[PDB]
>>> print(open('target.txt').read())   # compact mmCIF, C-alpha atoms and all ligand atoms
# COMPACT_ATOMS: atom_id res chain seq x y z
CA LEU A 1 20.13 25.38 -17.64
CA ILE A 2 18.13 22.13 -17.83
CA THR A 3 20.20 18.95 -17.44
CA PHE A 4 19.31 15.25 -17.55
CA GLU A 5 21.52 12.82 -15.62
CA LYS A 6 21.30 9.26 -14.34
CA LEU A 7 19.10 8.80 -11.27
CA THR A 8 21.20 7.50 -8.37
CA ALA A 9 20.69 6.71 -4.69
CA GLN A 10 21.65 10.24 -3.63
CA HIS A 11 18.61 11.57 -5.52
CA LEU A 12 16.15 9.67 -3.29
CA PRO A 13 14.84 12.78 -1.43
CA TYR A 14 14.18 14.62 -4.70
CA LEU A 15 12.42 11.65 -6.23
CA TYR A 16 9.93 11.95 -3.37
CA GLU A 17 9.78 15.74 -3.69
CA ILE A 18 8.90 15.59 -7.38
CA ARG A 19 6.50 12.67 -6.95
CA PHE A 20 4.48 14.45 -4.26
CA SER A 21 4.44 17.77 -6.15
CA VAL A 22 2.02 16.57 -8.84
CA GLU A 23 -1.74 17.15 -8.73
CA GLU A 24 -2.87 14.23 -10.92
CA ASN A 25 -1.79 10.61 -10.54
CA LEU A 26 -1.51 11.06 -6.81
CA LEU A 27 -0.12 8.12 -4.88
CA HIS A 28 -2.64 5.31 -4.41
CA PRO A 29 -2.84 2.91 -1.43
CA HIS A 30 -1.45 -0.11 -3.30
CA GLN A 31 1.58 1.96 -4.33
CA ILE A 32 2.72 3.08 -0.85
CA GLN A 33 4.96 0.04 -0.46
CA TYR A 34 7.16 1.00 -3.41
CA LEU A 35 8.22 4.28 -1.79
CA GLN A 36 9.62 2.61 1.35
CA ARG A 37 13.34 3.40 1.25
CA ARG A 38 14.62 -0.13 0.66
CA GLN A 39 12.28 -0.68 -2.29
CA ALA A 40 12.77 2.81 -3.73
CA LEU A 41 16.54 2.31 -3.62
CA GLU A 42 16.21 -1.09 -5.31
CA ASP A 43 14.16 0.57 -8.07
CA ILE A 44 16.75 3.34 -8.53
CA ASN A 45 19.54 0.79 -8.51
CA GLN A 46 18.14 -1.08 -11.52
CA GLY A 47 19.80 1.82 -13.34
CA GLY A 48 16.87 2.73 -15.59
CA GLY A 49 16.24 6.22 -14.22
CA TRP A 50 17.02 9.83 -15.06
CA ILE A 51 16.47 13.04 -13.14
CA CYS A 52 16.09 16.51 -14.64
CA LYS A 53 17.45 19.61 -12.90
CA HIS A 54 16.68 23.24 -13.71
CA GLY A 55 19.71 24.94 -12.24
CA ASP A 56 19.82 23.62 -8.69
CA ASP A 57 16.08 22.84 -8.63
CA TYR A 58 15.00 19.26 -9.28
CA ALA A 59 12.31 19.36 -11.99
CA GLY A 60 11.38 15.86 -13.13
CA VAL A 61 12.13 12.19 -12.67
CA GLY A 62 11.52 9.09 -14.76
CA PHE A 63 12.53 5.47 -14.26
CA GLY A 64 12.01 2.08 -15.81
CA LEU A 65 12.19 -1.33 -14.19
CA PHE A 66 12.45 -5.07 -14.97
CA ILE A 67 10.57 -6.91 -12.08
CA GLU A 68 8.20 -7.34 -16.01
CA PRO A 69 9.28 -4.24 -18.08
CA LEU A 70 7.52 -1.26 -16.54
CA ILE A 71 7.66 2.51 -16.33
CA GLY A 72 8.11 2.70 -12.56
CA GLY A 73 7.52 6.43 -12.36
CA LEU A 74 7.31 9.56 -14.49
CA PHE A 75 6.68 12.86 -12.72
CA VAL A 76 7.35 16.52 -13.48
CA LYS A 77 6.71 19.32 -10.99
CA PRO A 78 3.69 21.43 -12.06
CA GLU A 79 5.85 24.55 -12.52
CA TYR A 80 8.06 22.65 -15.00
CA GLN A 81 5.38 20.79 -16.98
CA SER A 82 4.67 21.39 -20.68
CA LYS A 83 8.34 22.16 -21.40
CA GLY A 84 9.36 18.81 -22.91
CA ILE A 85 10.85 17.35 -19.73
CA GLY A 86 8.41 14.46 -19.45
CA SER A 87 8.89 13.55 -23.11
CA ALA A 88 12.68 13.66 -22.71
CA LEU A 89 12.60 11.41 -19.65
CA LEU A 90 10.12 9.01 -21.25
CA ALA A 91 12.25 8.74 -24.38
CA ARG A 92 15.38 7.92 -22.37
CA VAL A 93 13.59 5.30 -20.26
CA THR A 94 11.88 3.76 -23.29
CA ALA A 95 15.17 3.41 -25.17
CA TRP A 96 16.82 1.95 -22.07
CA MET A 97 14.10 -0.70 -21.76
CA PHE A 98 14.34 -1.79 -25.39
CA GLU A 99 18.14 -1.90 -25.26
CA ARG A 100 17.87 -4.20 -22.23
CA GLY A 101 15.82 -6.57 -24.41
CA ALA A 102 12.19 -5.77 -23.58
CA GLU A 103 9.66 -6.73 -26.26
CA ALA A 104 6.91 -4.63 -24.67
CA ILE A 105 6.74 -2.10 -21.84
CA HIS A 106 3.78 -1.67 -19.50
CA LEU A 107 2.57 1.17 -17.32
CA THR A 108 -0.51 2.13 -15.33
CA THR A 109 -2.08 5.57 -14.94
CA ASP A 110 -5.30 7.18 -13.76
CA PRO A 111 -7.92 6.62 -16.49
CA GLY A 112 -8.67 9.85 -18.32
CA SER A 113 -5.80 11.70 -16.66
CA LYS A 114 -3.77 14.11 -18.77
CA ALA A 115 -0.93 11.59 -18.57
CA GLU A 116 -3.06 9.00 -20.36
CA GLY A 117 -3.32 11.17 -23.46
CA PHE A 118 0.36 12.11 -23.16
CA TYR A 119 1.34 8.42 -23.31
CA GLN A 120 -1.05 7.78 -26.21
CA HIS A 121 0.58 10.69 -28.06
CA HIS A 122 3.91 8.86 -27.59
CA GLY A 123 2.67 5.56 -29.04
CA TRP A 124 1.28 3.78 -25.98
CA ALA A 125 -2.06 1.97 -26.22
CA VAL A 126 -4.64 1.43 -23.50
CA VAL A 127 -5.21 -2.33 -23.22
CA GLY A 128 -7.50 -2.51 -20.19
CA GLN A 129 -7.77 -1.76 -16.48
CA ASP A 130 -6.01 -3.39 -13.54
CA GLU A 131 -7.64 -4.66 -10.34
CA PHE A 132 -7.08 -1.25 -8.77
CA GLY A 133 -8.94 0.51 -11.59
CA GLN A 134 -5.85 2.04 -13.20
CA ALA A 135 -5.62 2.16 -16.98
CA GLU A 136 -3.03 -0.28 -18.33
CA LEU A 137 -0.97 0.93 -21.29
CA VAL A 138 1.51 -0.97 -23.45
CA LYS A 139 4.19 -0.02 -25.96
CA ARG A 140 5.80 -2.70 -28.12
CA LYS A 141 9.25 -2.80 -29.68
CA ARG Y 1 26.42 17.30 26.57
CA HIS Y 2 23.77 14.56 26.50
CA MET Y 3 24.06 14.22 22.71
CA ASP Y 4 26.93 13.87 20.25
CA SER Y 5 28.09 17.25 18.92
CA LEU Y 6 27.75 15.75 15.41
CA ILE Y 7 23.96 15.95 15.81
CA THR Y 8 22.54 19.40 15.03
CA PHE Y 9 19.02 20.81 14.81
CA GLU Y 10 17.42 23.25 12.38
CA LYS Y 11 13.99 24.86 12.37
CA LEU Y 12 11.91 23.00 9.79
CA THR Y 13 11.25 25.15 6.69
CA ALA Y 14 9.93 24.66 3.17
CA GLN Y 15 13.45 23.96 1.91
CA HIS Y 16 13.59 20.80 4.06
CA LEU Y 17 10.62 19.20 2.25
CA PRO Y 18 12.65 16.57 0.31
CA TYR Y 19 14.35 15.42 3.51
CA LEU Y 20 11.08 15.22 5.40
CA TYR Y 21 9.98 12.68 2.80
CA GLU Y 22 13.33 10.86 2.86
CA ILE Y 23 13.20 10.42 6.64
CA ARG Y 24 9.48 9.49 6.66
CA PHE Y 25 9.96 6.71 4.10
CA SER Y 26 13.08 5.33 5.81
CA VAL Y 27 11.22 3.97 8.83
CA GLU Y 28 10.14 0.34 9.14
CA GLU Y 29 7.31 0.79 11.65
CA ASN Y 30 4.47 3.31 11.42
CA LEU Y 31 4.61 3.07 7.65
CA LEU Y 32 2.39 5.47 5.72
CA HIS Y 33 -1.26 4.44 5.75
CA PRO Y 34 -3.78 5.11 2.96
CA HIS Y 35 -5.63 7.80 4.93
CA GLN Y 36 -2.35 9.70 5.40
CA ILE Y 37 -1.29 9.96 1.74
CA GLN Y 38 -3.09 13.27 1.32
CA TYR Y 39 -0.94 15.01 3.92
CA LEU Y 40 2.22 14.38 1.92
CA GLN Y 41 0.99 16.16 -1.22
CA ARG Y 42 3.32 19.13 -1.60
CA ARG Y 43 0.79 21.88 -0.89
CA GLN Y 44 -0.46 20.16 2.26
CA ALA Y 45 3.02 19.23 3.51
CA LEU Y 46 4.18 22.82 3.05
CA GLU Y 47 1.08 24.11 4.85
CA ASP Y 48 1.90 21.77 7.75
CA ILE Y 49 5.49 23.02 7.88
CA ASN Y 50 4.24 26.61 7.66
CA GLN Y 51 2.33 26.29 10.94
CA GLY Y 52 5.84 26.74 12.35
CA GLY Y 53 5.96 23.79 14.73
CA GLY Y 54 8.75 21.69 13.22
CA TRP Y 55 12.41 20.88 13.64
CA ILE Y 56 14.75 18.68 11.64
CA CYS Y 57 17.90 16.91 12.82
CA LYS Y 58 21.15 16.19 10.96
CA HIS Y 59 23.73 13.61 11.99
CA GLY Y 60 26.85 15.13 10.52
CA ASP Y 61 25.81 16.11 6.99
CA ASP Y 62 23.04 13.46 6.78
CA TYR Y 63 19.43 14.34 7.58
CA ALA Y 64 18.43 12.02 10.40
CA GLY Y 65 15.12 12.91 12.04
CA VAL Y 66 12.13 15.20 11.77
CA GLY Y 67 9.29 16.19 14.07
CA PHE Y 68 6.50 18.74 13.81
CA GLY Y 69 3.43 19.90 15.66
CA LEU Y 70 0.20 21.39 14.33
CA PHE Y 71 -2.36 23.65 15.96
CA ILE Y 72 -4.90 23.44 13.15
CA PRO Y 73 -7.25 21.56 13.16
CA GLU Y 74 -6.27 20.99 16.75
CA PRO Y 75 -3.06 20.55 18.75
CA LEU Y 76 -1.40 17.48 17.30
CA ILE Y 77 1.95 15.84 16.73
CA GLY Y 78 1.85 15.82 12.91
CA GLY Y 79 4.90 13.65 12.45
CA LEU Y 80 7.91 12.21 14.27
CA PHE Y 81 10.38 10.03 12.36
CA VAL Y 82 14.04 9.07 12.73
CA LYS Y 83 16.00 7.04 10.19
CA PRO Y 84 16.70 3.49 11.49
CA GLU Y 85 20.49 4.01 11.44
CA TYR Y 86 20.11 7.09 13.70
CA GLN Y 87 17.59 5.74 16.22
CA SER Y 88 18.51 5.23 19.89
CA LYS Y 89 20.75 8.34 19.90
CA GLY Y 90 18.31 10.74 21.59
CA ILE Y 91 17.04 12.34 18.38
CA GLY Y 92 13.37 11.33 18.64
CA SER Y 93 13.17 12.36 22.29
CA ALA Y 94 14.87 15.66 21.49
CA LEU Y 95 12.47 16.43 18.63
CA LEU Y 96 9.43 15.37 20.66
CA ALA Y 97 10.55 17.54 23.58
CA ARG Y 98 11.20 20.52 21.31
CA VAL Y 99 7.79 20.25 19.63
CA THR Y 100 5.95 19.59 22.91
CA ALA Y 101 7.50 22.62 24.61
CA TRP Y 102 6.66 24.86 21.64
CA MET Y 103 3.05 23.76 21.69
CA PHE Y 104 2.55 24.30 25.39
CA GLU Y 105 4.35 27.67 25.23
CA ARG Y 106 1.90 28.69 22.54
CA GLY Y 107 -1.21 27.76 24.46
CA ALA Y 108 -2.08 24.17 23.98
CA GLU Y 109 -4.00 22.69 26.86
CA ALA Y 110 -3.59 19.17 25.50
CA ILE Y 111 -1.89 17.57 22.51
CA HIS Y 112 -2.99 14.43 20.69
CA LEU Y 113 -1.36 12.00 18.29
CA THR Y 114 -2.08 8.67 16.64
CA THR Y 115 0.27 5.74 16.16
CA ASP Y 116 0.17 2.07 15.27
CA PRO Y 117 -1.13 0.19 18.34
CA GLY Y 118 1.61 -1.86 19.94
CA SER Y 119 4.35 -0.18 17.91
CA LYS Y 120 7.65 0.73 19.54
CA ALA Y 121 6.59 4.37 19.19
CA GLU Y 122 3.52 3.79 21.38
CA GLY Y 123 5.71 2.76 24.31
CA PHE Y 124 8.19 5.54 23.54
CA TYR Y 125 5.39 8.09 23.84
CA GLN Y 126 4.13 6.51 27.07
CA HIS Y 127 7.68 6.70 28.43
CA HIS Y 128 7.54 10.47 27.74
CA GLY Y 129 4.26 10.96 29.57
CA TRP Y 130 1.65 10.30 26.86
CA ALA Y 131 -1.46 8.26 27.69
CA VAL Y 132 -3.49 6.01 25.40
CA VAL Y 133 -7.09 7.26 25.38
CA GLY Y 134 -8.60 4.92 22.79
CA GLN Y 135 -8.55 4.26 19.07
CA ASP Y 136 -9.37 6.48 16.10
CA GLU Y 137 -11.61 5.68 13.10
CA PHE Y 138 -8.83 3.61 11.48
CA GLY Y 139 -7.84 1.59 14.55
CA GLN Y 140 -4.77 3.67 15.34
CA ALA Y 141 -4.04 4.24 19.00
CA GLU Y 142 -4.91 7.78 20.10
CA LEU Y 143 -2.64 9.28 22.75
CA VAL Y 144 -2.84 12.51 24.74
CA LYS Y 145 -0.46 14.69 26.72
CA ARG Y 146 -1.92 17.42 28.91
CA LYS Y 147 -0.49 20.73 30.10
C1 LIG P 1 2.36 13.61 -17.55
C2 LIG P 1 3.72 14.29 -17.46
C3 LIG P 1 4.75 13.29 -16.97
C4 LIG P 1 4.08 14.84 -18.83
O1 LIG P 1 5.31 15.56 -18.74
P1 LIG P 1 5.42 17.04 -19.34
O2 LIG P 1 6.80 17.59 -19.12
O3 LIG P 1 4.32 17.91 -18.79
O4 LIG P 1 5.10 16.81 -20.89
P2 LIG P 1 5.88 17.40 -22.17
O5 LIG P 1 6.15 18.88 -22.01
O6 LIG P 1 7.13 16.61 -22.44
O7 LIG P 1 4.82 17.16 -23.35
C5 LIG P 1 3.56 17.82 -23.27
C6 LIG P 1 3.09 18.00 -24.70
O8 LIG P 1 2.71 16.73 -25.25
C7 LIG P 1 1.61 16.92 -26.14
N1 LIG P 1 0.42 16.23 -25.60
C8 LIG P 1 0.15 16.00 -24.30
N2 LIG P 1 -1.04 15.36 -24.15
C9 LIG P 1 -1.55 15.17 -25.38
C10 LIG P 1 -2.77 14.55 -25.94
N3 LIG P 1 -3.70 14.00 -25.14
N4 LIG P 1 -2.92 14.57 -27.29
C11 LIG P 1 -1.99 15.12 -28.10
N5 LIG P 1 -0.86 15.69 -27.66
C12 LIG P 1 -0.59 15.75 -26.33
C13 LIG P 1 1.32 18.41 -26.17
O9 LIG P 1 2.08 19.01 -27.21
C14 LIG P 1 1.87 18.89 -24.84
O10 LIG P 1 2.21 20.27 -24.86
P3 LIG P 1 1.29 21.35 -24.11
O11 LIG P 1 1.06 20.92 -22.68
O12 LIG P 1 2.00 22.69 -24.13
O13 LIG P 1 -0.04 21.44 -24.83
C15 LIG P 1 3.66 15.47 -16.48
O14 LIG P 1 2.74 16.47 -16.96
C16 LIG P 1 3.27 15.07 -15.08
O15 LIG P 1 4.13 14.78 -14.27
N6 LIG P 1 1.97 15.08 -14.78
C17 LIG P 1 1.46 14.85 -13.44
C18 LIG P 1 1.86 13.50 -12.87
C19 LIG P 1 1.50 12.38 -13.81
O16 LIG P 1 0.35 12.28 -14.24
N7 LIG P 1 2.48 11.54 -14.12
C20 LIG P 1 2.22 10.30 -14.82
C21 LIG P 1 2.19 9.13 -13.83
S1 LIG P 1 1.63 7.66 -14.72
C1 LIG P 2 9.84 6.16 17.68
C2 LIG P 2 11.05 7.02 17.39
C3 LIG P 2 10.59 8.41 16.97
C4 LIG P 2 11.88 7.13 18.66
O1 LIG P 2 13.01 7.95 18.36
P1 LIG P 2 14.51 7.54 18.75
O2 LIG P 2 15.43 8.60 18.23
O3 LIG P 2 14.80 6.15 18.27
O4 LIG P 2 14.43 7.52 20.35
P2 LIG P 2 15.44 8.13 21.44
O5 LIG P 2 16.86 7.71 21.14
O6 LIG P 2 15.29 9.62 21.56
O7 LIG P 2 14.90 7.46 22.78
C5 LIG P 2 14.92 6.04 22.87
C6 LIG P 2 14.88 5.74 24.35
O8 LIG P 2 13.57 6.00 24.85
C7 LIG P 2 13.30 5.10 25.92
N1 LIG P 2 12.15 4.25 25.58
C8 LIG P 2 11.69 3.97 24.34
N2 LIG P 2 10.62 3.14 24.40
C9 LIG P 2 10.39 2.88 25.70
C10 LIG P 2 9.41 2.07 26.48
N3 LIG P 2 8.44 1.37 25.85
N4 LIG P 2 9.53 2.07 27.83
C11 LIG P 2 10.50 2.76 28.46
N5 LIG P 2 11.41 3.51 27.82
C12 LIG P 2 11.40 3.60 26.47
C13 LIG P 2 14.51 4.19 26.04
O9 LIG P 2 15.41 4.71 27.02
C14 LIG P 2 15.17 4.29 24.68
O10 LIG P 2 16.57 4.01 24.73
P3 LIG P 2 17.20 2.90 23.75
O11 LIG P 2 16.88 3.25 22.32
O12 LIG P 2 18.70 2.86 23.95
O13 LIG P 2 16.59 1.56 24.04
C15 LIG P 2 11.94 6.42 16.30
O14 LIG P 2 12.46 5.17 16.78
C16 LIG P 2 11.22 6.18 14.99
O15 LIG P 2 11.21 7.05 14.12
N6 LIG P 2 10.64 5.00 14.82
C17 LIG P 2 9.99 4.57 13.58
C18 LIG P 2 8.90 5.51 13.08
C19 LIG P 2 7.86 5.76 14.14
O16 LIG P 2 7.33 4.82 14.72
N7 LIG P 2 7.54 7.03 14.38
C20 LIG P 2 6.42 7.42 15.22
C21 LIG P 2 5.25 7.81 14.33
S1 LIG P 2 3.79 8.06 15.37
>>> encode(input="target.txt", output="structure tokens", more="lines below")
Ligand SMILES: CC(C)(COP(=O)(O)OP(=O)(O)OC[C@H]1O[C@@H](n2cnc3c(N)ncnc32)[C@H](O)[C@@H]1OP(=O)(O)O)[C@@H](O)C(=O)NCCC(=O)NCCS
Ligand SMILES: CC(C)(COP(=O)(O)OP(=O)(O)OC[C@H]1O[C@@H](n2cnc3c(N)ncnc32)[C@H](O)[C@@H]1OP(=O)(O)O)[C@@H](O)C(=O)NCCC(=O)NCCS
Amino acid sequence: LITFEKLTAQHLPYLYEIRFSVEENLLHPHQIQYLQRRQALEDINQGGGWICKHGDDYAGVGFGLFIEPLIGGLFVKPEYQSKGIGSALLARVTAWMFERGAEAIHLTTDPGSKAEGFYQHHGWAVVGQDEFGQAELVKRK
Amino acid sequence: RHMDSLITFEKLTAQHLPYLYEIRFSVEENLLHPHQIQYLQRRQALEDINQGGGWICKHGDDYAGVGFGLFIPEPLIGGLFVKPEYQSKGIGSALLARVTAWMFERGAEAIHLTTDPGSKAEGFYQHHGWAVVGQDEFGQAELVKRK
């Protein structure tokens, strides 16, 4: 069955696997640096992540960070999308951020991507564009 | 006998995909460049693996190094990476030799690769008989090895 558990260092390979499985919100040049092992492990080790398994298959990953409160990543393999996994991960990360004391959470996403409407459906608002042309979204406590 | 019995080698298959990424992002030189992002997307990475020119190395139970050749679009070294903690143990040379021999056995008259100019890898390749022939469209050093 589908399980959600805390994302830990041992999940590093599967974080990459899920992240590179998606067909929208592909990795952009300015984001390469955050996947280098030392930085990816630092992100995981903030403790704001969950990973979803379908049996022994890794299905989705979501993590929040304080660097600034941010959704560091939210990705579900295409074959597991539209089953509630992304919403379940986002809800866990969002609650974690607010319990840590965040007043607002930020994220960026490809403008007009399916993810943009998904976040808006969950109460996030587009507030502009960053220097890289990504849509900036905010959710307040 | 030349290498610790703890170090084993497996033919690279689709099931190794997560560990290919893990090893690739562990290195501190020849970091991923913008023009190379596309080759890591799952469908493209699996297509690369499926050309059949790859091996992966484990140190004990820990994945340690990966190397793979391609014949399409042309004979190339598609990737060669060893985790920092497992470098200088013969793994990169072993993977390079395995891939190189497979390519030549299957008909390659020459193999090319690109690497960061002046990187440790550049000298490593030259030590194994590769020659710098120039630079590519991004300023990477282009190297060749001939049959
Ligand atoms: C975006 C993503 C994380 C969402 O996760 P998911 O598991 O597919 O989403 P869920 O199943 O939890 O929720 C989807 C549901 O939300 C609702 N929904 C989604 N977008 C909506 C919109 N624009 N308006 C109204 N409702 C919407 C729908 O009910 C939808 O169900 P449906 O697809 O069957 O029609 C996931 O699809 C994904 O990884 N996409 C590719 C990578 C990506 O863009 N990640 C975001 C990086 S910023
Ligand atoms: C480059 C890389 C693949 C080499 O693999 P490795 O497992 O560390 O190398 P090996 O143990 O098989 O061989 C190393 C030996 O090659 C020889 N060698 C290497 N560079 C040399 C040079 N410039 N001149 C002469 N001999 C050299 C040395 O004998 C060296 O021994 P040492 O490590 O004790 O000093 C690996 O270090 C790596 O992944 N580096 C980072 C990522 C990278 O640059 N990959 C290449 C992408 S194009």
>>> atom_distance(input="target.txt", atom1="atom CA of residue A:15", atom2="atom CA of residue Y:50")
22.0 Å
>>> closest_residue(input="target.txt", among="Y:139, Y:65, Y:134, Y:73", to="ligand LIG 2 (chain P)", atoms="all atoms listed in the file")
Y:65
>>> axis_aligned_box(input="target.txt", around="stretch 57-73 of chain Y", padding_each_side="5 Å", output="lines of an AutoDock Vina configuration file")
center_x = 9.8
center_y = 17.8
center_z = 11.4
size_x = 44.1
size_y = 21.6
size_z = 19.2
>>> interface_residues(input="target.txt", of="chain Y", to="chain A", cutoff="6 Å", atoms="only C-alpha atoms", output="ChimeraX atom specification")
/Y:18-19,22,25-26,34,41-42
>>> write_last_selection(input="target.txt", atoms="C-alpha atoms", output="PDB file, in the coordinates of the input")
ATOM      1  CA  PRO Y  18      12.650  16.570   0.310  1.00  0.00           C
ATOM      2  CA  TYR Y  19      14.350  15.420   3.510  1.00  0.00           C
ATOM      3  CA  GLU Y  22      13.330  10.860   2.860  1.00  0.00           C
ATOM      4  CA  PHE Y  25       9.960   6.710   4.100  1.00  0.00           C
ATOM      5  CA  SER Y  26      13.080   5.330   5.810  1.00  0.00           C
ATOM      6  CA  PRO Y  34      -3.780   5.110   2.960  1.00  0.00           C
ATOM      7  CA  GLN Y  41       0.990  16.160  -1.220  1.00  0.00           C
ATOM      8  CA  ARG Y  42       3.320  19.130  -1.600  1.00  0.00           C
TER       9      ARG Y  42
END
>>> residues_near_ligand(input="target.txt", ligand="ligand LIG 2 (chain P)", cutoff="9 Å", atoms="only C-alpha atoms and all ligand atoms", output="MDAnalysis selection string")
chainID Y and resid 23:24 26:31 65:67 77:84 86:96 113:116 119:128
>>> write_last_selection(input="target.txt", atoms="C-alpha atoms", output="PDB file, keeping the file's coordinate frame")
ATOM      1  CA  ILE Y  23      13.200  10.420   6.640  1.00  0.00           C
ATOM      2  CA  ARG Y  24       9.480   9.490   6.660  1.00  0.00           C
ATOM      3  CA  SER Y  26      13.080   5.330   5.810  1.00  0.00           C
ATOM      4  CA  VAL Y  27      11.220   3.970   8.830  1.00  0.00           C
ATOM      5  CA  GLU Y  28      10.140   0.340   9.140  1.00  0.00           C
ATOM      6  CA  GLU Y  29       7.310   0.790  11.650  1.00  0.00           C
ATOM      7  CA  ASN Y  30       4.470   3.310  11.420  1.00  0.00           C
ATOM      8  CA  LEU Y  31       4.610   3.070   7.650  1.00  0.00           C
ATOM      9  CA  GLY Y  65      15.120  12.910  12.040  1.00  0.00           C
ATOM     10  CA  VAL Y  66      12.130  15.200  11.770  1.00  0.00           C
ATOM     11  CA  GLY Y  67       9.290  16.190  14.070  1.00  0.00           C
ATOM     12  CA  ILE Y  77       1.950  15.840  16.730  1.00  0.00           C
ATOM     13  CA  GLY Y  78       1.850  15.820  12.910  1.00  0.00           C
ATOM     14  CA  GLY Y  79       4.900  13.650  12.450  1.00  0.00           C
ATOM     15  CA  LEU Y  80       7.910  12.210  14.270  1.00  0.00           C
ATOM     16  CA  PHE Y  81      10.380  10.030  12.360  1.00  0.00           C
ATOM     17  CA  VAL Y  82      14.040   9.070  12.730  1.00  0.00           C
ATOM     18  CA  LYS Y  83      16.000   7.040  10.190  1.00  0.00           C
ATOM     19  CA  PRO Y  84      16.700   3.490  11.490  1.00  0.00           C
ATOM     20  CA  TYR Y  86      20.110   7.090  13.700  1.00  0.00           C
ATOM     21  CA  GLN Y  87      17.590   5.740  16.220  1.00  0.00           C
ATOM     22  CA  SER Y  88      18.510   5.230  19.890  1.00  0.00           C
ATOM     23  CA  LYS Y  89      20.750   8.340  19.900  1.00  0.00           C
ATOM     24  CA  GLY Y  90      18.310  10.740  21.590  1.00  0.00           C
ATOM     25  CA  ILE Y  91      17.040  12.340  18.380  1.00  0.00           C
ATOM     26  CA  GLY Y  92      13.370  11.330  18.640  1.00  0.00           C
ATOM     27  CA  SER Y  93      13.170  12.360  22.290  1.00  0.00           C
ATOM     28  CA  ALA Y  94      14.870  15.660  21.490  1.00  0.00           C
ATOM     29  CA  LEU Y  95      12.470  16.430  18.630  1.00  0.00           C
ATOM     30  CA  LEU Y  96       9.430  15.370  20.660  1.00  0.00           C
ATOM     31  CA  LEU Y 113      -1.360  12.000  18.290  1.00  0.00           C
ATOM     32  CA  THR Y 114      -2.080   8.670  16.640  1.00  0.00           C
ATOM     33  CA  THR Y 115       0.270   5.740  16.160  1.00  0.00           C
ATOM     34  CA  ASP Y 116       0.170   2.070  15.270  1.00  0.00           C
ATOM     35  CA  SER Y 119       4.350  -0.180  17.910  1.00  0.00           C
ATOM     36  CA  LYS Y 120       7.650   0.730  19.540  1.00  0.00           C
ATOM     37  CA  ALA Y 121       6.590   4.370  19.190  1.00  0.00           C
ATOM     38  CA  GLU Y 122       3.520   3.790  21.380  1.00  0.00           C
ATOM     39  CA  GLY Y 123       5.710   2.760  24.310  1.00  0.00           C
ATOM     40  CA  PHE Y 124       8.190   5.540  23.540  1.00  0.00           C
ATOM     41  CA  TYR Y 125       5.390   8.090  23.840  1.00  0.00           C
ATOM     42  CA  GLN Y 126       4.130   6.510  27.070  1.00  0.00           C
ATOM     43  CA  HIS Y 127       7.680   6.700  28.430  1.00  0.00           C
ATOM     44  CA  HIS Y 128       7.540  10.470  27.740  1.00  0.00           C
TER      45      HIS Y 128
END
>>> closest_residue(input="target.txt", among="A:141, A:85, A:71, A:79", to="residue A:3", atoms="all atoms listed in the file")
A:85
>>> residues_near_ligand(input="target.txt", ligand="ligand LIG 1 (chain P)", cutoff="6 Å", atoms="all atoms listed in the file", output="PyMOL selection string")
chain A and resi 22+24-25+74-76+81-87+108-109+115+117-118+121
>>> residues_around(input="target.txt", residues="residue A:123", least_positions_apart="3", cutoff="8 Å", atoms="only C-alpha atoms", output="number ranges by chain")
A: 119-120, 139
>>> atom_distance(input="target.txt", atom1="atom CA of residue A:106", atom2="atom CA of residue A:91")
14.3 Å
>>> closest_residue(input="target.txt", among="Y:106, Y:62, Y:10, Y:32", to="residue A:10", atoms="all atoms listed in the file")
Y:62
>>> atom_distance(input="target.txt", atom1="atom CA of residue Y:57", atom2="atom CA of residue Y:8")
5.7 Å
>>> closest_residue(input="target.txt", among="A:50, A:70, A:112, A:131", to="residue A:88", atoms="all atoms listed in the file")
A:50
>>> closest_residue(input="target.txt", among="A:94, A:113, A:66, A:107", to="residue A:128", atoms="all atoms listed in the file")
A:107
>>> closest_residue(input="target.txt", among="A:72, A:125, A:60, A:140", to="residue A:98", atoms="only C-alpha atoms")
A:140
>>> decode(input="target.txt", residues="stretch 114-133 of chain Y", atoms="C-alpha atoms", output="short mmCIF file (atom, residue, chain, number, x, y, z; two decimals), in the first residue's frame")
data_model
loop_
_atom_site.label_atom_id
_atom_site.label_comp_id
_atom_site.auth_asym_id
_atom_site.auth_seq_id
_atom_site.Cartn_x
_atom_site.Cartn_y
_atom_site.Cartn_z
CA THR Y 114 33.87 16.06 -23.30
CA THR Y 115 35.08 17.20 -19.90
CA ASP Y 116 35.84 20.40 -18.02
CA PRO Y 117 39.15 21.76 -19.38
CA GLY Y 118 41.90 21.43 -16.81
CA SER Y 119 39.84 19.14 -14.58
CA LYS Y 120 41.46 16.16 -12.88
CA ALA Y 121 39.42 13.97 -15.24
CA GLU Y 122 41.10 15.52 -18.28
CA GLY Y 123 44.51 14.33 -17.11
CA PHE Y 124 43.06 10.98 -16.04
CA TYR Y 125 41.78 10.43 -19.57
CA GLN Y 126 45.10 11.49 -21.09
CA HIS Y 127 46.83 9.01 -18.76
CA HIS Y 128 44.59 6.31 -20.30
CA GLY Y 129 45.46 7.23 -23.88
CA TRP Y 130 42.89 9.92 -24.72
CA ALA Y 131 43.98 13.02 -26.66
CA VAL Y 132 42.56 16.53 -26.48
CA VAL Y 133 41.41 17.54 -29.97
#
